[PDB]
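See below for the structure under consideration.
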Amino acid sequence: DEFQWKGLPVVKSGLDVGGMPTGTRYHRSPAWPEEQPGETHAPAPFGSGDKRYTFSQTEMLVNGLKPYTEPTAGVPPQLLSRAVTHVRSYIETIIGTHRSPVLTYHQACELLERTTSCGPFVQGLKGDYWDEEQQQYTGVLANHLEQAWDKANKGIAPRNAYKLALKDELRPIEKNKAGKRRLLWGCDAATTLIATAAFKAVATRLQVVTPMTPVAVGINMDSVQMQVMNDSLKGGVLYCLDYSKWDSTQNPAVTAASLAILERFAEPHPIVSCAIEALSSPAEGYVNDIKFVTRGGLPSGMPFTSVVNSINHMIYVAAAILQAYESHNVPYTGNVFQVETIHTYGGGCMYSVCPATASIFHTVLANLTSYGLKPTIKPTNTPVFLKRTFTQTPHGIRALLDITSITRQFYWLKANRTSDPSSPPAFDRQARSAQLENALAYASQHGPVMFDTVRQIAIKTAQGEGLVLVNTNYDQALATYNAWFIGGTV
C-alpha cells in the first residue's frame with residue numbers, strides 16, 4: 001500500500017537496502033591549499049560531515065526523484081509510428097537486417113562491470129565474486145545470475161530494480177549551495193546480464209559503424225571518428241543542444257519503441273522479450289526500507305542507457321521535424337537522417353539541418369518542448385559534443401576538453417573516503433601521475449601558450465604530491481596525444 005515519504009509516493013520494499021554512503025572520495029590536492037582564479041567546481045555535498053554545507057542526503061535524493069513522479073506528454077500516437085519507421089529504416093540501411101544471436105551466459109557475464117555494484121539484491125561489488133581463469137562468477141552472486149538466466153529462458157523477466165545512491169563527483173559550487181546532487185541508480189546485476197545477452201551484439205553493430213548512425217555511443221572523440229562527425233556537419237545549419245533533465249523527461253512509449261527497434265536487429269528469443277519487458281517497466285529504486293516506482297522518465301543507471309536514450313532522441317527529433325513540416329503543410333520527401341545530419345549521446349546531440357528545416361526550427365523546438373522535453377535555439381559555427389569543443393589546430397580538427405576540466409584534475413584527487421576534503425589524501429602515486437600525464441596531453445591540443453599555464457600548474461602539483469611527470473613539456477605532450485589519435489589508443 002502506497003504512502004508518502006518526504007513528499008514522495010513510496011512503498012515498503014520488504015528489504016532494508018541501507019542508507020546512502022556518507023563522505024567523499026575527493027580530497028583537495030596537498031599542493032593547492034587555496035582557491036585558484038577560475039575555480040568553479042567542488043565535491044558534491046556528502047552529509048553530516050560533508051562539512052561546509054549541511055543538507056540531509058535523503059532530501060537531496062527525494063529532490064532528484066521528484067521529476068520522475070510527474071510524467072510527460074510524449075509523442076502523438078500517430079506521429080510516433082512515422083518517426084519510428086524513419087529511425088528504424090535509416091539504421092536498417094547502414095547496419096543491415098541481420099538479427100544478432102543472443103549472447104551465451106559466459107559472454108554476458110564477462111561483459112558486466114566488475115568495479116561497480118551488484119544492485120539492490122546482492123551486496124558488495126561484482127568483482128568480489130569474479131574468479132579469473134575459471135573465467136566466471138562464483139558464490140552467491142553467481143547464484144543470483146544463474147537463476148535469473150534460467151528464468152529468462154523460461155520467459156520470466158527480471159525486475160527493473162535499482163540501488164539508489166548519489167554520484168560522488170565534482171559539481172558546480174552554485175549547485176552545491178542549493179543541495180543538488182546527481183542520482184545514481186545501481187541496476188540489479190541480473191537485469192544487466194539479461195539485457196546484455198539480448199542487445200550487446202546490436203549495440204556493437206551500432207558502435208562499429210559510429211558516427212554513421214545518430215547513435216554515437218562508443219565514439220573515440222580522440223581519433224579520426226571525431227573528424228568524420230565534424231565533416232558530416234558541413235553543408236548544414238548547425239544547432240548544438242545539451243538537453244536539461246533528459247533522464248526524467250523520457251516518455252515510456254518512446255522508450256518502448258526504441259526497445260522495439262533494437263528488437264528488430266536481434267534474434268527473437270525468450271531473453272530478448274524479457275529484456276524488453278524489464279527495460280519497458282517502471283524503474284523501482286530501492287533505498288532504506290522503501291522503494292520508489294517511477295511514473296515517467298528513465299533511470300541514468302539503466303543497462304544500455306546511452307543506446308536506448310539515443311534512439312529515443314532520434315524518435316523525438318524525427319517526430320518534431322515531421323510535425324513541423326506537417327503544420328506548414330509541406331511534404332517531407334526522404335528519411336530524416338539523410339536530409340538532416342544528427343548525432344546523439346543521450347540528451348545531446350548535434351543537428352545539422354537543411355536550409356528548409358532551419359527555416360522552421362522554431363516550430364521544431366516548440367514540438368520537442370511539447371513532448372515534455374527541455375532543449376537547452378540559436379544556430380552556431382562551433383560544434384560542441386560530449387563536453388568537447390571542435391576546434392581547428394595546426395594538425396587537424398580536434399575535440400577539445402574544457403580547459404577547466406583539465407586544470408580541475410590538478411587541484412583535486414580521487415582517493416579514500418572522507419568527511420574532510422581538506423585532509424591529506426592516501427592515494428596510489430603512479431596512477432595519479434598517469435592521470436596527470438593524460439591531462440597534460442589533452443592540454444597540449446590547446447596550443448603552446450595555454451599549455452604553459454597548465455604546465456606550471458602541473459609542476460607545482462608534482463612537488464606537493466611527490467610525483468614525476470614526462471608530458472611536462474609541450475612537444476612531448478603533443479607527441480603522446482598524437483600517438484593516441486592516429487593511434488586509436490587512449
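Chain lettering (A, B, ...) mirrors the order of the C-alpha cells, residue numbering begins at 1 for each chain separately, and ligand numbering begins at 1 in order of display.
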
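Residues in contact range of region 78-85 of chain A, defined as at most 10 Å between only C-alpha atoms, with sequence neighbours fewer than 6 positions away removed, read residues 91, 92, 253, 254, 257, 258, 260, 261, 311, 312, 314, 315, 316, 317, 318, 319, 320, 321, 322, 323, 335 and 336 of chain A.
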
Take the residues that were just selected and, keeping N, CA, C and O atoms, output them as a compact mmCIF listing (two decimals), in the first residue's frame.
# COMPACT_ATOMS: atom_id res chain seq x y z
N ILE A 91 18.64 3.17 -39.93
CA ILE A 91 19.63 2.30 -39.31
C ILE A 91 19.64 0.90 -39.96
O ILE A 91 20.66 0.21 -39.95
N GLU A 92 18.51 0.51 -40.56
CA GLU A 92 18.47 -0.69 -41.41
C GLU A 92 19.42 -0.57 -42.61
O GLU A 92 20.11 -1.54 -42.95
N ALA A 253 6.41 5.42 -23.73
CA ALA A 253 6.02 4.95 -25.07
C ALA A 253 7.16 5.05 -26.09
O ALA A 253 7.36 4.14 -26.89
N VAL A 254 7.89 6.16 -26.05
CA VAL A 254 9.07 6.35 -26.91
C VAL A 254 10.15 5.32 -26.58
O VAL A 254 10.79 4.78 -27.48
N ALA A 257 9.24 1.95 -28.03
CA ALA A 257 9.52 1.94 -29.46
C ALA A 257 11.01 1.77 -29.74
O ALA A 257 11.39 1.07 -30.69
N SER A 258 11.85 2.40 -28.92
CA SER A 258 13.30 2.29 -29.03
C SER A 258 13.76 0.86 -28.80
O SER A 258 14.60 0.34 -29.55
N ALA A 260 11.88 -1.64 -29.25
CA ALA A 260 11.30 -2.41 -30.35
C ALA A 260 12.18 -2.36 -31.59
O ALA A 260 12.17 -3.28 -32.41
N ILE A 261 12.94 -1.27 -31.74
CA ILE A 261 13.87 -1.13 -32.86
C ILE A 261 15.13 -1.98 -32.63
O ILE A 261 15.63 -2.60 -33.57
N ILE A 311 18.38 6.46 -29.28
CA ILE A 311 17.29 6.10 -30.19
C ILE A 311 16.04 6.88 -29.80
O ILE A 311 15.26 7.28 -30.67
N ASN A 312 15.85 7.11 -28.50
CA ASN A 312 14.80 7.99 -28.01
C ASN A 312 14.93 9.37 -28.65
O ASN A 312 13.96 9.91 -29.18
N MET A 314 16.48 10.19 -31.38
CA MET A 314 16.20 10.03 -32.80
C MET A 314 14.71 10.06 -33.10
O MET A 314 14.28 10.74 -34.02
N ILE A 315 13.94 9.31 -32.31
CA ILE A 315 12.48 9.29 -32.44
C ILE A 315 11.89 10.68 -32.19
O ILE A 315 11.10 11.18 -32.99
N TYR A 316 12.31 11.30 -31.08
CA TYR A 316 11.84 12.63 -30.69
C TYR A 316 12.06 13.68 -31.77
O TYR A 316 11.12 14.38 -32.17
N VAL A 317 13.30 13.77 -32.25
CA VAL A 317 13.70 14.79 -33.22
C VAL A 317 13.07 14.55 -34.59
O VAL A 317 12.68 15.50 -35.27
N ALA A 318 12.97 13.28 -34.99
CA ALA A 318 12.34 12.92 -36.25
C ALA A 318 10.87 13.29 -36.23
O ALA A 318 10.35 13.84 -37.20
N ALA A 319 10.21 13.00 -35.11
CA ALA A 319 8.81 13.38 -34.90
C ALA A 319 8.62 14.90 -34.98
O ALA A 319 7.73 15.37 -35.68
N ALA A 320 9.48 15.64 -34.28
CA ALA A 320 9.42 17.10 -34.21
C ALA A 320 9.61 17.76 -35.57
O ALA A 320 8.92 18.73 -35.89
N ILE A 321 10.56 17.25 -36.35
CA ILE A 321 10.81 17.76 -37.69
C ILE A 321 9.62 17.46 -38.62
O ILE A 321 9.15 18.35 -39.33
N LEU A 322 9.14 16.22 -38.59
CA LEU A 322 7.97 15.83 -39.38
C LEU A 322 6.74 16.67 -39.03
O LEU A 322 6.10 17.23 -39.93
N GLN A 323 6.44 16.78 -37.74
CA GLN A 323 5.30 17.55 -37.25
C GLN A 323 5.34 18.98 -37.78
O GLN A 323 4.33 19.50 -38.29
N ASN A 335 14.24 10.34 -45.86
CA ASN A 335 14.49 9.99 -44.46
C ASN A 335 15.11 11.16 -43.71
O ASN A 335 16.01 11.83 -44.23
N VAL A 336 14.64 11.38 -42.49
CA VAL A 336 15.07 12.50 -41.64
C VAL A 336 16.59 12.57 -41.48
O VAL A 336 17.18 13.65 -41.49

Residues at most 10 Å from residue 417 (chain A), counting only C-alpha atoms, excluding those fewer than 2 positions away in the same chain, as a ChimeraX atom specification?
-> /A:21-27,414-415,419-421,425-426

Neighbours of residue 107 (chain A) within 12 Å (only C-alpha atoms; same-chain residues fewer than 2 positions away dropped), as an MDAnalysis selection string?
-> chainID A and resid 101:105 109:112 135:137 193:194 196:198 200:201

Find the residues near residue 70 (chain A): any atom within 9 Å, counting only C-alpha atoms, skip ones fewer than 5 places away on the same chain, and give them as a list in words.
->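 Contacts, in chain order: residues 294, 295, 296 and 297 of chain A.
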
Output of the above residues as a PDB file, in the first residue's frame, restricted to N, CA and C atoms:
ATOM      1  N   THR A 294       8.938   4.748 -10.545  1.00  0.00           N
ATOM      2  CA  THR A 294       8.821   5.920 -11.420  1.00  0.00           C
ATOM      3  C   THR A 294       7.499   5.932 -12.176  1.00  0.00           C
ATOM      4  N   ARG A 295       7.001   7.130 -12.465  1.00  0.00           N
ATOM      5  CA  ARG A 295       5.780   7.291 -13.253  1.00  0.00           C
ATOM      6  C   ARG A 295       6.099   7.777 -14.663  1.00  0.00           C
ATOM      7  N   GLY A 296       7.354   8.162 -14.864  1.00  0.00           N
ATOM      8  CA  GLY A 296       7.865   8.531 -16.182  1.00  0.00           C
ATOM      9  C   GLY A 296       9.377   8.628 -16.165  1.00  0.00           C
ATOM     10  N   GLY A 297       9.945   9.118 -17.261  1.00  0.00           N
ATOM     11  CA  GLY A 297      11.390   9.302 -17.362  1.00  0.00           C
ATOM     12  C   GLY A 297      12.175   8.005 -17.368  1.00  0.00           C
TER      13      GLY A 297
END

Nearest to residue 100 (chain A) by atom-to-atom distance, counting only C-alpha atoms, from A:56, A:204, A:341, A:4 =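 For residue 100 (chain A), the nearest of the given residues is A:204.
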
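Per DSSP on the backbone, alpha helix (DSSP H) in region 197-237 of chain A comprises residues 197, 198, 199, 200, 201, 202, 203, 204, 205, 206, 207, 224, 225, 226, 227, 228, 229, 230, 231, 232 and 233 of chain A.
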
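Put simply, CA of residue 143 (chain A) is 17.4 Å away from CA of residue 113 (chain A).
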
Could you jot down the CA of residue 342 (chain A) to CA of residue 259 (chain A) separation for me, Å, one decimal place?
->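 Rounded to one decimal, the two atoms are 19.7 Å apart.
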
What's the 10 Å shell around residue 304 (chain A), counting only C-alpha atoms, without same-chain residues fewer than 4 positions away, as a ChimeraX atom specification?
-> /A:192,195-196,199-200,203,217,279,300,308-310

Shell of 6 Å around region 439-456 of chain A, only C-alpha atoms, local chain residues under 5 positions omitted, as a PyMOL selection string | chain A and resi 406+472+477-478+481

File dump, residues just selected, C-alpha atoms, as a compact mmCIF listing (two decimals), in the first residue's frame:
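Final output, part_2.txt:
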# COMPACT_ATOMS: atom_id res chain seq x y z
CA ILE A 406 41.90 19.63 -17.30
CA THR A 472 55.54 18.29 -18.55
CA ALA A 477 52.82 16.26 -24.55
CA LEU A 478 51.95 16.78 -28.24
CA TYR A 481 48.34 12.80 -27.75

Write out as a PyMOL selection string the residues lying within 10 Å of residue 9 (chain A), counting only C-alpha atoms and excluding same-chain residues fewer than 4 positions away.
-> chain A and resi 2-5+66+69+291-294

Take the residues just selected and output them with C-alpha atoms as a compact mmCIF listing (two decimals), in the first residue's frame.
# COMPACT_ATOMS: atom_id res chain seq x y z
CA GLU A 2 1.36 3.37 -1.14
CA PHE A 3 2.31 6.07 1.39
CA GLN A 4 4.03 9.48 1.41
CA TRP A 5 7.71 9.68 2.30
CA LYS A 66 10.67 14.31 -7.77
CA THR A 69 6.78 11.46 -10.26
CA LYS A 291 11.14 1.53 -2.92
CA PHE A 292 10.22 4.35 -5.29
CA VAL A 293 8.50 3.40 -8.57
CA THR A 294 8.82 5.92 -11.42

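Straight-line separation from CA of residue 396 (chain A) to CA of residue 484 (chain A): 14.1 Å.
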
Determine which residues of region 126-292 of chain A receive a DSSP assignment of strand (DSSP E or B), computed from the backbone, and state them as a PyMOL selection string.
-> chain A and resi 130-131+136-137+161-166+170-172+183-187+215+237-242+266+284-287+290-292

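Of the listed residues A:460, A:277, A:86, A:363, the one whose atoms come nearest to residue 332 (chain A) is A:86, with distances taken using only C-alpha atoms.
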
Each residue of region 373-393 of chain A with at least one atom at most 10 Å from region 357-362 of chain A should appear once, together with its nearest atom pair and the corresponding distance in Å (one decimal); atoms considered: only C-alpha atoms; ordering: chain, then increasing residue number; output as a Markdown table.
| residue | atom | partner | partner_atom | distance |
| --- | --- | --- | --- | --- |
| A:377 | CA | A:362 | CA | 7.7 |
| A:378 | CA | A:361 | CA | 9.4 |
| A:379 | CA | A:358 | CA | 8.7 |
